[PDB]
There are 2 protein chains.
Amino acid sequence: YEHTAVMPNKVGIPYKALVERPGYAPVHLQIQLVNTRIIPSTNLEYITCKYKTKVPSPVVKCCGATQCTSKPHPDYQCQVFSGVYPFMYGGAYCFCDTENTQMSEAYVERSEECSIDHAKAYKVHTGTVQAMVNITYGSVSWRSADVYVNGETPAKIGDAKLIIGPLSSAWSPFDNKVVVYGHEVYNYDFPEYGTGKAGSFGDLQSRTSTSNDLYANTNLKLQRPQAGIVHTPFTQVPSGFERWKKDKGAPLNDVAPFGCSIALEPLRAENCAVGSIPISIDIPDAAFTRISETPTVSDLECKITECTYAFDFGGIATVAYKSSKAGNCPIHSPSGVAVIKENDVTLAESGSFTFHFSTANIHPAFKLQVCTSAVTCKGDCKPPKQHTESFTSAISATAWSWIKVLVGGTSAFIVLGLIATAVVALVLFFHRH
Amino acid sequence: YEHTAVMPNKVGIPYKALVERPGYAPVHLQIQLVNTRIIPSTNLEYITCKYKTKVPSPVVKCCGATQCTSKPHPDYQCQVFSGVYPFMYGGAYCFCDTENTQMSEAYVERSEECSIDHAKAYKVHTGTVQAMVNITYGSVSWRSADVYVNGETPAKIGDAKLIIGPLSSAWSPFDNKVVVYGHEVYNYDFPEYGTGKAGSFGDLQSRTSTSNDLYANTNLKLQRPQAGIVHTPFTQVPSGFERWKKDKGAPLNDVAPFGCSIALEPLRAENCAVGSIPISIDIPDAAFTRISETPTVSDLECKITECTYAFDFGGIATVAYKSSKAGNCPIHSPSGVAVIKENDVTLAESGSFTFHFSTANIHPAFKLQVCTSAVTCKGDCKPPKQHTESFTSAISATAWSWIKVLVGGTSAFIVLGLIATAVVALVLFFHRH
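Residues numbered from 1 in each chain as written, not as in the entry; some residues may be left out. Chains lettered and ligands numbered in written order. Part of a larger assembly, values for the part shown. Heavy atoms only, no water. Residues with missing side-chain atoms left out of burial classes, pairs and counts.

Participant: When you look at the overall build of chain A in this model, what are you seeing that I'm missing?
Facilitator: Assigned secondary structure in chain A consists of 4 helices and 29 strands. Taking 22 Å as the expected radius of gyration for a compact globule of 433 residues, we find that chain A reaches 40 Å, considerably beyond that expectation. (Helix = DSSP H or I, 4+ residues; strand = E, 2+ residues; numbered from the N terminus. Rg over C-alpha atoms; globule rule 2.2 N^0.38 Å.)

In structure tokens:
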């Protein structure tokens, strides 16, 4: 047998519900989410990390000059330098005259943390959602099960042909352009992939680690070697993306609302418990039994001992009753106002016993079912002093329904007499003639 | 210097435009699309292909029976068979009495074409668009360049800092659920991945080739071995997806409108030339020159020799002119009505020469530019008898503008006299008193 439902998103809290059938004894369930897994169809786009800058041997002669070329490197420079006149220790100044020979050829390359550590710049696409649950139904114990959100998924565990949702709600806080270092992760508005951002963030403007395409600019500029010093004075840009690696902010996981978190590899969002889920599950109709063979109900009465409106099922109340014959029988809460600790109990002969429950009410007047026999225990006044309550408006009290009807009736009656007055007068005036 | 524009989607046709500047001599361009590449962010979901069905050794004894188990296979069956009494050639019937021993244990598995050939069932997501062009600008020859649609893309070729679009139009004919065999490809409405479609299309209901998860049903049912024959008579489903492999249809590439095609690996749509593209390109302002140093225009006149409205630039007309001094100078067509074969010509002293052009017009009256000097050559009447034309309404002829003004003026004048009549009469009637 298959029974379906729409359950609200309750990542932590369990969910029982008794399920019955004419001529058949009922059976309960217990569904309880274990995971929520929201996997976008993302991908990385390009990486970035610190650069490096090397210099080849700067040319030199006694006179004349060599020539600067396009030694292929990012931001690479080279320039002749004339009348160099540089000395070497215990030397002869490398000339007899104007040296004129100094190219100061340059080179820019990439750092080595890049291997260990580099940018992780992503485009994040639609992708999927899934989730894990636990079913402890009927006669079944903890059966934790995981499946995708899609309202189609045919999944059978034992006799449970799971069909899930899909969820009413349709969003997770993500973004197409989100980057990450280490455990942390950050929506970078856009990693300016092709566009060399002066190295300000695109310090390593490369598709991959192994993609040796540095469309970045350290703005390397050479200065004239001088002072008889063999060197390549120069300038270039500081590692701007590192400069931001001083200005890193709050990772999104730390900002994710609904007190829920994220998984690294799939960008699985983790249990932002929002929405409702139209689930559909097959049950073993064999697990049913008859309805007439059952120890039957009778002599229905329950005593509302006491509840104080608190989170824990902070209310105890009992029953007083006489049975057809002893045994066991479920006590479902079709109205989960006083959220019952219990869902199924033994029913001994004259089952006259208690139970526990929480409602946010100052007091209810409600009822629920037991052993295919819904009985009424209204719910006394409740003292005040993680988890839910009833809380909608069930906290109703005496004075509320007292004064509301007081004022309504007073106004109604007075205005009714008022309107009566007019025709009451007019009738005999008509009678005059 | 940077100049931008919005060019319409012209996949094949070239595009020149002269670009000028005050105090600066102008320069032309020539843009011409080479590719259009529309890459969705797709993926495959699951595969399907022919099955296979094997049988283990069916049990046998002299009497009694062995037992059928859950030999784990898709659609696997097994059933005892009693009083089998089967013979073997030159044997002794394998019994002395009721055999009772025959399990007919079964097995279903997968075919081997699956390796070579299986389904390719996809979810197709947003993804991107890009395209290739050729620029032959100014003094530049064929420079074919490729880049993504995004209105951001900073791309420099030579001095051309390309920024592209993005395209006005925003769609390609695709679908999330599209499948493919071989070169062909088909929108399968939905490949019922988890749901065993009786093997009707989900004959191999598996995530991957190596995913050995066959959530499919050949509906294998055994028949009783009999007739003293050792065998496993049975039934199961024919390869339904193959049955459709008889009912394959028209691949989408063959149905793709805009006479354009598709690329296999990225689902790159190929040059459905629709829309307009706001491109932005930097030019070498150094490639400019002055404006005063130029051989100057004078003595402007062009002879409209003849054009017949046809596709090819089927119209020739000339100029008659005297120059300040000889040289060269561009002839841009700001009004590309008569689509000029020419865009830039030498300007010898008294440059009095010709050119070619097509317009759909029966006759224009229009003009365009030459050497920073727009001159007028109206466009004679055109005979009638791949590529564009002017074609909007420029095919205007004499009788059209003749009769339109004829009828308009006649109606206007007659109604004007008509309205005049009234007050014309009334005035002297007023005068009477």
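Continuing now.
Participant: Before we go on, may I ask you to explain the relation of the copies chain B and chain A in this structure?
Facilitator: Each copy of the sequence occupies a distinct position, and chain B is placed on chain A by a rotation of 178° and an axial shift of 1.1 Å, giving an RMSD of 0.0 Å. Within this description, the copies of the chain are treated as partners about a two-fold rotation axis. Counting the interface residues of chain B, we find that 83% of their copies in chain A are interface residues as well, pointing to one common contact surface. (Least-squares fit on C-alpha atoms. Contact = heavy atoms within 4.5 Å.)

Participant: For this particular structure, what's the right way to read the sheet that holds strand β13 (residues 155-157) of chain A?
Facilitator: Strands belonging to one sheet form pairs held by backbone hydrogen bonds; the direction of such a pair is parallel or antiparallel. All names here are of chain A. The sheet built from 4 strands is open, its strands ordered β1-β21-β14-β13 with antiparallel pairing. Only two strands of the sheet have a single partner each, and these edge strands are β1 (2-4) and β13. In this sheet, adjacent strand axes meet at a mean angle of 20° when their direction is disregarded. Here strand β14 (residues 160-163) runs beside strand β21 (residues 280-282); their pairing, made up of 2 bridges, is antiparallel. (Pairing = 2+ DSSP bridges. Axes fitted to C-alpha atoms, helices over the stretch in contact; angles between N-to-C directions.)

Participant: In this structure, what is going on with the environment of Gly314(B)? I would like to understand it.
Facilitator: Residues and elements named next belong to chain B. With respect to the element layout, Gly-314 can be found in the loop between β22 (302-307) and β23 (315-319). The buried category is assigned to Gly-314, whose relative accessible area is 10%. Measuring from C-alpha to C-alpha, the distance between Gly-314 and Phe-95 comes to 98 Å, with 219 residues separating the pair along the chain. When neighbours within four sequence positions are excluded, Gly-314 is seen to be in contact with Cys-307, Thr-308, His-356, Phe-357 and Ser-358. (Buried < 20%, exposed > 50% of the residue type's maximum accessible area, 1.4 Å probe, protein only.)

Participant: How should I be thinking about the sheet that holds strand β27 (residues 354-358) of chain B in this particular structure?
Facilitator: Sheet architecture is open: 4 strands sit in the order β22-β23-β27-β25 (chain B), paired in antiparallel fashion. Sheet topology places β22 and β25 (339-340) of chain B at the edges, where each strand pairs with a single neighbour.

Participant: For this particular structure, what's the right way to read the side chain of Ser276(A)?
Facilitator: Position of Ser276(A) among the secondary structure elements: in strand β20 (residues 276-277). With residues near it in sequence (within four places) discarded, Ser276(A) still touches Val6(A), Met7(A), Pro8(A), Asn9(A), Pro166(A), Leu167(A) and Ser168(A).

Participant: Mind showing me how you'd approach the interface of chain B and chain A here?
Facilitator: A common way to express how large an interface is: the accessible area buried when the components associate. With 6 residues of chain B at the contact, the number on the chain A side is 7 residues. Together chain B and chain A conceal approximately 490 Å² of surface at their shared face, both sides included; 71% is due to carbon and sulfur atoms. In terms of surface lost to chain A, no three residues of chain B exceed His125(B), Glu152(B) and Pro154(B), which account for 51% of the buried area on that side. Linking chain B to chain A there are 0 salt bridges. Taken together, chain B and chain A are joined by 0 residue pairs in polar contact. Looking at side-chain class alone, the side of chain B that touches chain A contains 1 nonpolar, 4 polar and 1 charged residues. (Buried area = accessible area lost by both parts, 1.4 Å probe. Salt bridge = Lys/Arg side-chain N within 4 Å of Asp/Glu carboxyl O. Polar contact = N/O pair within 3.5 Å; in protein donor to acceptor, adjacent residues only side chain to side chain. Nonpolar A, V, L, I, M, F, W, Y, C, P; charged D, E, K, R; others polar.)

Participant: What am I meant to see in the pattern of salt bridges here?
Facilitator: Two side chains that carry opposite charge are able to pair once their charged atoms sit near each other. According to the stated counting rule, one finds 26 salt bridges over all chains in the structure shown. Across the pair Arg110(B) and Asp213(B) runs a salt bridge whose closest N-O atoms are separated by 3.9 Å. Of this pair, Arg110(B) sits in strand β9 (residues 107-110) while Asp213(B) is found in the loop between β15 (177-179) and β16 (221-222), placing the two residues 103 residues apart along the sequence. Judged by its relative accessible area of 15%, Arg110(B) falls in the buried class. Among the ionic pairs, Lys245(B) bridges to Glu242(B), the shortest N-O distance being 3.3 Å. Here the residue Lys245(B) and the residue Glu242(B) both occupy positions in helix α2 (residues 240-246), the gap between them amounting to 3 residues, near one helical turn. Ionic contacts of the salt-bridge type, sharing partners, join the residues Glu113(A), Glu242(A) and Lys245(A) into one network.

Participant: In this structure, what is going on with the state of the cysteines? I would like to understand it.
Facilitator: By definition, a disulfide is the covalent link that joins the sulfur atoms of two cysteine residues. Applying the stated criterion across every chain, the model contains 10 disulfides over all chains. Residue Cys68(B) pairs covalently with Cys78(B) via a disulfide, S to S 2.0 Å. Disulfide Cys68(B) to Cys78(B): torsion about the S-S bond roughly -65°, handedness left-handed. Taken together, the residues span a long stretch of sequence, with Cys68(B) in the loop between β8 (51-54) and β9 and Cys78(B) in the loop between β8 and β9 at a distance of 10 residues. With a relative accessible area of 26%, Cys68(B) lands in the partly exposed category. There is a disulfide in this structure between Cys329(B) and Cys371(B), and the S-S distance comes to 2.0 Å. Between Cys329(B) and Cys371(B), the S-S dihedral sits near 70°, and the bridge is therefore right-handed. Here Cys371(B) lies in the loop between β28 (367-370) and β29 (373-376) and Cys329(B) lies in strand β24 (residues 327-330), a separation of 42 residues in the sequence. Like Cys329(B), the residue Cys371(B) is buried in the burial classification. Disulfide partners in chain A, listed by the sequence order of the bonded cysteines, are 1-4, 2-3, 5-6, 7-10, 8-9. Unpaired in terms of disulfides, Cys62(A) finds its nearest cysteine sulfur in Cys96(A), a separation of 3.5 Å. (Disulfide = S-S within 2.5 Å.)

Participant: Looking at this model, I keep getting lost on the packing of aromatic side chains. Mind explaining?
Facilitator: Each aromatic ring pair is characterised by the separation of its centres together with the angle its planes make. What the rule picks out here adds up to 32 aromatic pairs over all chains. Ring centres of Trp171(A) and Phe258(A) lie 5.5 Å apart, and the angle between their planes is 80°; on these two criteria the pair is classed as edge-to-face. Placement of the pair is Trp171(A) in the loop between β14 and β15 (177-179) and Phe258(A) in the loop between α3 (252-255) and β18 (261-262), with a sequence separation of 87 residues. For the pair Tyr85(B) and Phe95(B), a centre-to-centre distance of 4.6 Å together with 70° between the ring planes defines the contact as edge-to-face. (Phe/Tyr/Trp six-rings, centres within 6.5 Å; stacked < 30°, edge-to-face > 60°.)

Participant: Please clarify how the UniProt feature "disulfide bond" in chain A should be interpreted in this entry.
Facilitator: All names here are of chain A. Judged by the 2.5 Å criterion, the disulfide between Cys-49 and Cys-114 that UniProt reports is present, the sulfurs being 2.0 Å apart. Here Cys-114 lies in helix α1 (residues 113-116) and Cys-49 lies in the loop between β7 (43-46) and β8 (51-54), a separation of 65 residues in the sequence. The same class applies to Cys-49 as to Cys-114, namely buried. A sulfur-sulfur distance of 2.0 Å is found between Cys-260 and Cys-272, whose disulfide is recorded in UniProt, and that is short enough to count the bridge as formed. Of this pair, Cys-260 sits in the loop between α3 and β18 while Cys-272 sits in the loop between β19 (269-270) and β20, and the two are 12 residues apart along the sequence. (UniProt positions renumbered as here; feature names shortened; annotations may be inferred.)

Participant: Which parts of the structure should I look at to understand a nonpolar patch on the surface?
Facilitator: A grouping of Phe413(A), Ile414(A), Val415(A), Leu416(A), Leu418(A) and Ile419(A) is seen on the molecular surface, where their side chains present a nonpolar patch of about 650 Å² in accessible area. Looking at the secondary structure, you find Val415(A) in helix α4 (residues 398-431). (Patch = residues over 30% accessible without salt bridge, like charges linked within 9 Å, V, L, I, M, F, W, Y side chains within 5 Å. Areas by Shrake-Rupley, 256 points an atom, 1.4 Å probe, with all protein chains shown as cover.)

Participant: Is there a simple way to think about unusual backbone geometry in this case?
Facilitator: Residues apart from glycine generally show negative phi values, whereas peptide bonds are mostly found in trans. Cis geometry marks the peptide bond from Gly165(A) to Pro166(A), where omega comes out at 5°. If you trace the backbone, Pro166(A) turns up in the loop between β14 and β15. Of note in the backbone geometry, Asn271(A) takes a positive phi value of approximately 70° without being a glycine. Position of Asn271(A) relative to the elements: it lies in the loop between β19 and β20. What makes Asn271(A) buried here is its relative accessible area of 18%. A positive phi angle, near 65°, is found at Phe391(B), a position not held by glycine. Secondary-structure assignment places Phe391(B) in the loop between β29 and α4 (398-431).

Participant: Just checking my understanding: could you explain the environment of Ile38(B) for this structure?
Facilitator: Residue and element names in this part refer to chain B. Take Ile-38: it is sitting in strand β6 (residues 31-39). Judged by relative accessible area, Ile-38 falls into the buried class, the value being 13%. Distance from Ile-38 to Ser-172, taken between C-alpha atoms, is 7.5 Å for residues 134 residues apart in sequence.

Participant: Whenever I open this one, the environment of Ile283(A) confuses me. Can you help?
Facilitator: Positionally, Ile283(A) belongs in the loop between β21 and β22 (302-307). Taking the C-alpha atoms as reference, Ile283(A) lies 71 Å from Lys54(A); in sequence the two are 229 residues apart.

Participant: Would you explain the side chain of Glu192(A) in this entry?
Facilitator: Following the sequence through the fold, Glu192(A) ends up in the loop between β15 and β16 (221-222). At a separation of 2.8 Å, a polar atom in the side chain of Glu192(A) contacts the side chain of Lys197(A).

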